[PDB]
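# Architecture and fold: a report
Below are the chains, spelled out letter by letter.
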Amino acid sequence: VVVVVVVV
Amino acid sequence: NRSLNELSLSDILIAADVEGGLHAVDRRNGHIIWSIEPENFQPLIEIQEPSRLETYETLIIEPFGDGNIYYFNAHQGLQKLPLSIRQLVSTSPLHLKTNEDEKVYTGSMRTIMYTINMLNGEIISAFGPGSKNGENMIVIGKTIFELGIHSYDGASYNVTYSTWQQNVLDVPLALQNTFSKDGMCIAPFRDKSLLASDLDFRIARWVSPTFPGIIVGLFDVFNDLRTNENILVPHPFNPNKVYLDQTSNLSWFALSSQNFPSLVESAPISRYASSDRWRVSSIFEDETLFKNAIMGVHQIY
Amino acid sequence: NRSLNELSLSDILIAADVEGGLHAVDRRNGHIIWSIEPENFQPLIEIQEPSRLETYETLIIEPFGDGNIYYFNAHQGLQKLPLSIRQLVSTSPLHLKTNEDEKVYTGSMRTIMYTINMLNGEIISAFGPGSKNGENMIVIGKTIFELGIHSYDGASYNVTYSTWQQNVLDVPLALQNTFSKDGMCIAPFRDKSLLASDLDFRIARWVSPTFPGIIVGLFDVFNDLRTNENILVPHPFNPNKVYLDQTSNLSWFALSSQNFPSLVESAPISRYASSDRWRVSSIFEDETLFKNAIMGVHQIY
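Residues numbered from 1 in each chain as written, not as in the entry; some residues may be left out. Chains lettered and ligands numbered in written order. Heavy atoms only, no water.

For this entry, the PDB record names X-ray crystallography as the structure determination method and reports a resolution of 2.983 Å.

## Quick word on the interface of chain A and chain B
On the chain B side, the residues contacting the four residues of chain A number six residues. Together, the buried faces of chain A and chain B total about 510 Å²; carbon and sulfur atoms form 73% of this surface. For the chain A face of the interface with chain B, the top three residues by lost area are A:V3, A:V4 and A:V6, together amounting to 76%. If you look at where chain A meets chain B, you find zero salt bridges. (Contact = heavy atoms within 4.5 Å. Buried area = accessible area lost by both parts, 1.4 Å probe. Salt bridge = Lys/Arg side-chain N within 4 Å of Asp/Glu carboxyl O.)

## A closer look at empty space enclosed by the protein
All names here are of chain C. Counted as a void, the largest cavity has a volume near 30 Å³. Taken together, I14, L22, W34, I116, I138, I140 and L232 make up the full set of residues lining the largest cavity. Partitioning the lining of the largest cavity into residue classes produces seven nonpolar, no polar and no charged. (1 Å grid on protein atoms, 1.4 Å probe; cavity = no way out; pocket = protein on both sides within 12 Å on 5 of 7 lines; lining within 4 Å. Points joined across faces, edges and corners; volume = space filled by probe spheres on them. Nonpolar A, V, L, I, M, F, W, Y, C, P; charged D, E, K, R; others polar.)

## Here we look at the relation of the copies chain C and chain B
Mapping chain C onto chain B calls for a screw motion: a turn of 180 degrees about the axis and a shift of 0.0 Å along it, with 0.1 Å RMSD after fitting. The transformation just described matches what one would write down for a two-fold rotation axis. In terms of C-alpha distance to the rotation axis, chain C has C:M109 as its closest residue, with the C-alpha 2.7 Å off the axis. When the interface residues of chain C are mapped onto chain B, 94% of them again fall at the interface, so both copies present the same face. (Least-squares fit on C-alpha atoms.)

## Focus on the sheet that holds strand β18 (residues 215–224) of chain C
Residue and element names in this part refer to chain C. Taken in spatial order, the five strands of this open sheet run β3-β2-β1-β18-β19, and their pairing is antiparallel. Looking at which strands have only one partner, the edges of the open sheet turn out to be β3 (31–36) and β19 (229–234). Strand-to-strand twist of the sheet, defined as the mean angle between neighbouring strand axes without regard to direction, takes the value 30 degrees. One ladder, built from seven bridges, connects strand β1 (residues 8–17) with β18; its direction is antiparallel. Paired with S8 across the two strands is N223, which belongs to β18. (Pairing = 2+ DSSP bridges. Helix = DSSP H or I, 4+ residues; strand = E, 2+ residues; numbered from the N terminus. Axes fitted to C-alpha atoms, helices over the stretch in contact; angles between N-to-C directions.)

## Focus on the interface of chain C and chain B
The interface of chain C with chain B comprises 32 residues on the first partner and 30 residues on the second. Here chain C packs against chain B, burying approximately 2500 Å² in sum over the two surfaces, 71% of which is carbon and sulfur. Taken together, the links from chain C to chain B amount to zero salt bridges. For the side of chain C that touches chain B, the elements supplying multiple residues, two or more each, are β8 (94–97), β9 (102–106), β10 (108–117), β11 (123–127) and β12 (137–146) of chain C. If you tally residues by element for the side of chain C that touches chain B, the top one is β10(C), at seven residues. Across the side of chain C that touches chain B, the residue classes tally to 14 nonpolar, 14 polar and four charged. Where strand β10 (residues 108–117) of chain B meets β10(C), three bridges bridge the pair, whose relative direction is antiparallel. When the bridges of β10(C) are listed, B:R110 appears paired with C:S108.

Next up, the structure:
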């Protein structure tokens, strides 16, 4: 699963 | 049970509403698999104050976590106090003789455990200062605070604030559930509902049906595939106005944008906040007018 | 009330006995100015376990501070658990499924405040989850824990442990009361008594009469000469064997020599500790034999 996640 | 990494994320999710009912919602569509009525447990917040109509003030707590305390008085709108319900209880008994009037703060905190059948929703056994009775079930804890403040002039308060929680064993898992293992990512939303969006680019995927009251508590459930247990962990949450409303027993409660960004942004600006034809005194003399005035979102300063 | 420094040290001193009564003893001679019976409050420790006569074990807490937990089994004498009752309650609800048997720990902790007339000992008003009623009087708090452990095999415990304390406001003063401002210096001593000695060269000056139970709580009372209040602070204590004994409701309790050096050292070596003709099995079959066997001081290793 490469689920990306909201930027920093 | 040592590293959240191994463990199936269950398709079940567990929600608590502000009236203190518990439901199991299906993580894939927001279907309500089953609910439990709050006669079975306890009201989440029940504030009992000396009187909103003579004095234009009311006590209000955010029914979440430590239970943070807020306060509204028609003279200066809504304020956030630097106190927490847990935190107050945890510093009783306090006697203070201001100099002028003196108060006495006596607390009380209990713990309880339920084990509930997931499939169904039937409470299999209940433990602790509660009612000690005796597969694919789940065990859930619930701490219950109760602050009593005893002012000798007579301005007598009596808040009780309860709150669900994982088994204090599993709580190190919670620091691992930093963002949904799932792509999904679900929150309380408008009209007593849950809304689920994707993580990548925050877009609505599903909306749930209605819950008897606003959803204020949310749990992911994982599966240890070895031991075959249902361990449960709080659902994470995405990265200064508060929204006010009242429970059925008429107690006021807050939802900060810190904790409820998603709801508070979908929420209407409270009337009091908007027009002074709502901040005039006549208004707080009547219960219904009052309610209508402050319900909605204010913005603490 | 800001620097203990300014403030009369009153001549009154306040003692708590292990049966849960309260007395005001006169600092100058150890005269018992007045006692209150424990019907008025609660038993300090009341342990309720699954059975000392079938299994040769018993649960034992030190009624003091956090309420520390000890434990005695006829097979390995007395042991100190690395656990405290406050500490246990404060980590509920805990469910643990060992792998084998599972327990569940539910807690409960309450706060109370009483105002009592010093001169006399009459309770003027009681506050908190207790019984809310309404000069030269003193206000004293008391926290009351209650841990309930529910093992599914049935080995069901149920301790409750209470414990007096100053107003959590005055607690910084306690860090200042490093050693008696008085020359004096008083402690629980043999035969339910108080022994006062001088501070310079530790020499006995007075011994009190008998109290209904061994004295396990001790408070200094100061006078704010401006505000004229009676603020109370714990009496300091001077710079690995524990003494066992049981309350009237038959609960076993410990007094470590950390906390009760003076008593422990004036105390007789428990039989069990001395001769194995007391460590044989027949002994723990009988309540009275058992009692007589382990009462007195042991030495944890």
